[PDB]
Amino acid sequence: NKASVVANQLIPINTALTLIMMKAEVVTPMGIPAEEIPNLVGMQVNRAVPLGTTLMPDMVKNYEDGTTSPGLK
């Protein structure tokens with residue numbers, strides 16, 4: 001039952017999120033976990049995020065802990 005960060009409050013893009021805007025929920029898919037919690041704090045997404053929106057790799061401009069490919073920044 002690994003909980004995943006699911007945008008609870010409806011937040012658009014270009015809006016740096018923090019801990020209060022990060023709720024670890026157990027829903028599919030797994031989206032982005034909290035491994036980069038202290039690294040995502042202040043991340044701006046590129047796709048509008050509705051309420052309880054599963055964090056996807058498509059709404060992250062500068063991926064912090066993402067060595068899957070975008071490991072340049």
# chains A, B, ... in the order shown; residues from 1 in each chain; ligands from 1
>>> residues_around(residues="segment 39-41 of chain A", least_positions_apart="6", cutoff="12 Å", atoms="only C-alpha atoms", output="PyMOL selection string")
chain A and resi 5+15-22+32-33+55+60-66
>>> write_last_selection(atoms="N, CA and C atoms", output="PDB file, in the first residue's frame")
ATOM      1  N   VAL A   5       2.042  10.781  -3.809  1.00  0.00           N
ATOM      2  CA  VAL A   5       1.628  12.208  -3.703  1.00  0.00           C
ATOM      3  C   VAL A   5       0.465  12.493  -4.659  1.00  0.00           C
ATOM      4  N   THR A  15       2.661  27.078 -10.349  1.00  0.00           N
ATOM      5  CA  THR A  15       2.428  27.383  -8.905  1.00  0.00           C
ATOM      6  C   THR A  15       3.296  26.472  -8.033  1.00  0.00           C
ATOM      7  N   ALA A  16       4.379  26.985  -7.517  1.00  0.00           N
ATOM      8  CA  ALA A  16       5.266  26.146  -6.662  1.00  0.00           C
ATOM      9  C   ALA A  16       4.467  25.528  -5.512  1.00  0.00           C
ATOM     10  N   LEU A  17       4.497  24.229  -5.391  1.00  0.00           N
ATOM     11  CA  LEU A  17       3.738  23.566  -4.294  1.00  0.00           C
ATOM     12  C   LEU A  17       4.645  23.343  -3.081  1.00  0.00           C
ATOM     13  N   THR A  18       4.069  23.084  -1.940  1.00  0.00           N
ATOM     14  CA  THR A  18       4.895  22.858  -0.719  1.00  0.00           C
ATOM     15  C   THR A  18       4.445  21.576  -0.012  1.00  0.00           C
ATOM     16  N   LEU A  19       4.729  21.456   1.256  1.00  0.00           N
ATOM     17  CA  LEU A  19       4.315  20.230   1.999  1.00  0.00           C
ATOM     18  C   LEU A  19       2.799  20.233   2.212  1.00  0.00           C
ATOM     19  N   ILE A  20       2.243  21.361   2.567  1.00  0.00           N
ATOM     20  CA  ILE A  20       0.770  21.429   2.788  1.00  0.00           C
ATOM     21  C   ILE A  20       0.027  21.017   1.514  1.00  0.00           C
ATOM     22  N   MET A  21       0.638  21.201   0.375  1.00  0.00           N
ATOM     23  CA  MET A  21      -0.032  20.819  -0.902  1.00  0.00           C
ATOM     24  C   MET A  21       0.389  19.407  -1.316  1.00  0.00           C
ATOM     25  N   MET A  22       0.956  18.656  -0.411  1.00  0.00           N
ATOM     26  CA  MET A  22       1.389  17.272  -0.754  1.00  0.00           C
ATOM     27  C   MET A  22       0.735  16.261   0.192  1.00  0.00           C
ATOM     28  N   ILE A  32       4.215   9.743  -8.614  1.00  0.00           N
ATOM     29  CA  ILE A  32       5.502  10.038  -7.921  1.00  0.00           C
ATOM     30  C   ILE A  32       5.328   9.893  -6.405  1.00  0.00           C
ATOM     31  N   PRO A  33       6.164   9.077  -5.818  1.00  0.00           N
ATOM     32  CA  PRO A  33       6.100   8.844  -4.353  1.00  0.00           C
ATOM     33  C   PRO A  33       6.625  10.064  -3.592  1.00  0.00           C
ATOM     34  N   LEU A  55       0.136  12.651  -8.880  1.00  0.00           N
ATOM     35  CA  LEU A  55       1.344  13.333  -9.429  1.00  0.00           C
ATOM     36  C   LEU A  55       1.921  12.527 -10.596  1.00  0.00           C
ATOM     37  N   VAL A  60       5.769  17.848 -14.538  1.00  0.00           N
ATOM     38  CA  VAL A  60       6.973  18.278 -13.771  1.00  0.00           C
ATOM     39  C   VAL A  60       7.994  18.932 -14.706  1.00  0.00           C
ATOM     40  N   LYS A  61       8.208  20.211 -14.564  1.00  0.00           N
ATOM     41  CA  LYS A  61       9.192  20.902 -15.446  1.00  0.00           C
ATOM     42  C   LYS A  61      10.615  20.449 -15.106  1.00  0.00           C
ATOM     43  N   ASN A  62      11.126  20.866 -13.980  1.00  0.00           N
ATOM     44  CA  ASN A  62      12.508  20.458 -13.590  1.00  0.00           C
ATOM     45  C   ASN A  62      12.455  19.255 -12.645  1.00  0.00           C
ATOM     46  N   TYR A  63      12.412  18.068 -13.184  1.00  0.00           N
ATOM     47  CA  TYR A  63      12.359  16.856 -12.317  1.00  0.00           C
ATOM     48  C   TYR A  63      13.541  16.847 -11.344  1.00  0.00           C
ATOM     49  N   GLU A  64      13.270  16.837 -10.067  1.00  0.00           N
ATOM     50  CA  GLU A  64      14.378  16.824  -9.069  1.00  0.00           C
ATOM     51  C   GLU A  64      15.007  15.431  -8.995  1.00  0.00           C
ATOM     52  N   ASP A  65      14.402  14.535  -8.264  1.00  0.00           N
ATOM     53  CA  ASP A  65      14.967  13.158  -8.155  1.00  0.00           C
ATOM     54  C   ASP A  65      14.410  12.269  -9.270  1.00  0.00           C
ATOM     55  N   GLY A  66      14.795  12.522 -10.491  1.00  0.00           N
ATOM     56  CA  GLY A  66      14.288  11.692 -11.621  1.00  0.00           C
ATOM     57  C   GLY A  66      15.464  11.234 -12.485  1.00  0.00           C
TER      58      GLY A  66
END
>>> residues_around(residues="residue 48 of chain A", least_positions_apart="5", cutoff="9 Å", atoms="only C-alpha atoms", output="ChimeraX atom specification")
/A:10-14,59
>>> write_last_selection(atoms="N, CA and C atoms", output="PDB file, in the first residue's frame")
ATOM      1  N   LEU A  10      -7.201  21.756  -5.700  1.00  0.00           N
ATOM      2  CA  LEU A  10      -7.045  22.038  -7.155  1.00  0.00           C
ATOM      3  C   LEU A  10      -5.977  23.111  -7.376  1.00  0.00           C
ATOM      4  N   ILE A  11      -4.886  22.754  -7.995  1.00  0.00           N
ATOM      5  CA  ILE A  11      -3.805  23.756  -8.244  1.00  0.00           C
ATOM      6  C   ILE A  11      -3.400  23.741  -9.720  1.00  0.00           C
ATOM      7  N   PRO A  12      -3.398  24.903 -10.314  1.00  0.00           N
ATOM      8  CA  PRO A  12      -3.012  25.025 -11.740  1.00  0.00           C
ATOM      9  C   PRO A  12      -1.503  24.809 -11.888  1.00  0.00           C
ATOM     10  N   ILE A  13      -0.920  25.288 -12.953  1.00  0.00           N
ATOM     11  CA  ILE A  13       0.548  25.104 -13.136  1.00  0.00           C
ATOM     12  C   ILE A  13       1.296  26.370 -12.716  1.00  0.00           C
ATOM     13  N   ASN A  14       2.570  26.435 -12.997  1.00  0.00           N
ATOM     14  CA  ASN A  14       3.371  27.638 -12.615  1.00  0.00           C
ATOM     15  C   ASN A  14       3.135  28.004 -11.142  1.00  0.00           C
ATOM     16  N   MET A  59       3.657  16.354 -15.522  1.00  0.00           N
ATOM     17  CA  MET A  59       3.382  17.706 -14.951  1.00  0.00           C
ATOM     18  C   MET A  59       4.578  18.178 -14.120  1.00  0.00           C
TER      19      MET A  59
END
>>> residues_around(residues="residue 58 of chain A", least_positions_apart="5", cutoff="9 Å", atoms="only C-alpha atoms", output="PDB file with N, CA and C atoms, in the first residue's frame")
ATOM      1  N   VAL A  45       4.496  22.629 -11.685  1.00  0.00           N
ATOM      2  CA  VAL A  45       4.047  21.648 -12.716  1.00  0.00           C
ATOM      3  C   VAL A  45       3.772  22.361 -14.043  1.00  0.00           C
ATOM      4  N   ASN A  46       3.642  21.618 -15.111  1.00  0.00           N
ATOM      5  CA  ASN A  46       3.378  22.254 -16.434  1.00  0.00           C
ATOM      6  C   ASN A  46       1.964  21.920 -16.915  1.00  0.00           C
ATOM      7  N   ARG A  47       1.261  21.092 -16.192  1.00  0.00           N
ATOM      8  CA  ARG A  47      -0.122  20.726 -16.614  1.00  0.00           C
ATOM      9  C   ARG A  47      -1.109  21.015 -15.472  1.00  0.00           C
TER      10      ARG A  47
END
>>> residues_around(residues="residue 51 of chain A", least_positions_apart="4", cutoff="7 Å", atoms="only C-alpha atoms", output="ChimeraX atom specification")
/A:7-10
>>> atom_distance(atom1="atom CA of residue 3 of chain A", atom2="atom CA of residue 67 of chain A")
20.7 Å
>>> closest_residue(among="A:1, A:28, A:37, A:73", to="residue 52 of chain A", atoms="only C-alpha atoms")
A:28
